[PDB]
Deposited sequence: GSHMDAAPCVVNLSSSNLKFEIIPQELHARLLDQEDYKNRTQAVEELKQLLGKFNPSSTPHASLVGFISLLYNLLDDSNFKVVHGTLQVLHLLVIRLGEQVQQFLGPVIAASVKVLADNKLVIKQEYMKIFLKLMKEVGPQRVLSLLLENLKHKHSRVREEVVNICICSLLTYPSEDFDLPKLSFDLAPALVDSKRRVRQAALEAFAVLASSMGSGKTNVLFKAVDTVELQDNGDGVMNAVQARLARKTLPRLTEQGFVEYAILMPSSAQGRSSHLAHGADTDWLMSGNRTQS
């Protein structure tokens, strides 16, 4: 058993129709206890999954993401030990503009937030606002929105959050900016109106136009919402 989990024949089929192999792997994961598995082996396994997400075939990527989700599930608290790797793995597939993919990585990120708390997840994740793929940036912002709609205000450091998100307000790409304005509407709602002042300071750190769009958005007292699938639906397309 490779990594104490995978039969060498399945491993060989995974590394050399990868999709069937991947689903076989999922089956094996079904009844598996990583609390009985040495750390080094779990590191190996996760490394393998990370490589499988490099596949050109999105169905392999999808199946691997399902395996990763299940692993995260089985792990429980132990996920805390692998927060970094699992988040790098999940950020990789954010460039992939496919709904089946997004289903799986949204499942993963929500599980992560459930296990180690939303703020941790989001700070790690928000470092990827400097990522060169604009869909990565866009989805970072949407996962933040999802987080702020799933968890109460006090689970978050909202000033920190708005300062970390303010650069998306001036992103070169329209979709990232639209995402960031929705996020700012949710921040305004979560701070309560007696503290929007900090949001305007956040806007000051990236512009000193954006002010006008932010105010226009905030004046619209409507918020995005979450689908059952955990996707964000936007409240409004600002003419901007």
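Comparing the deposited sequence with the modelled residues, the stretches lacking C-alpha coordinates are 1-17, 34-38, 231-235, 268-293.
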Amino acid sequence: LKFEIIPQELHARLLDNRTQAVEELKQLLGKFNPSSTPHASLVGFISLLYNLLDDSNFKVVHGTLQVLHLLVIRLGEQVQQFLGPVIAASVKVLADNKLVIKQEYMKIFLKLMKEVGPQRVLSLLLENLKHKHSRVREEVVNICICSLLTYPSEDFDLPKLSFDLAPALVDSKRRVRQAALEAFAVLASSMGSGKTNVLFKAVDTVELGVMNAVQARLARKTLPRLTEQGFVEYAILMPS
From here on, numbers count along this sequence of modelled residues.
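The mean C-alpha temperature factor is higher for 1-9 when 229-237 and 1-9 are set side by side. Per the PDB record, of the two stretches 166-174 and 86-94, 86-94 carries the greater mean B-factor over its C-alpha atoms.
Of all the options 61, 40, 179, 67, the entry's greatest CA B-factor is assigned to 40. Based on the entry's C-alpha B-factors, the most elevated value among 153, 128, 80, 150 belongs to 80. The entry lists a Cα temperature factor for residue 76 that places it in the highest third of the chain's modelled residues.
In the deposited entry, the Cα temperature factor of residue 223 sits in the middle third of values across the chain's modelled residues. In this PDB entry, residue 184 carries a Cα temperature factor that places it within the lowest third of its chain's modelled residues. Sort the chain's modelled residues by C-alpha temperature factor and residue 103 lands in the lowest third, per the entry. Per-chain ranking of the deposited C-alpha B factor places residue 119 in the middle third.
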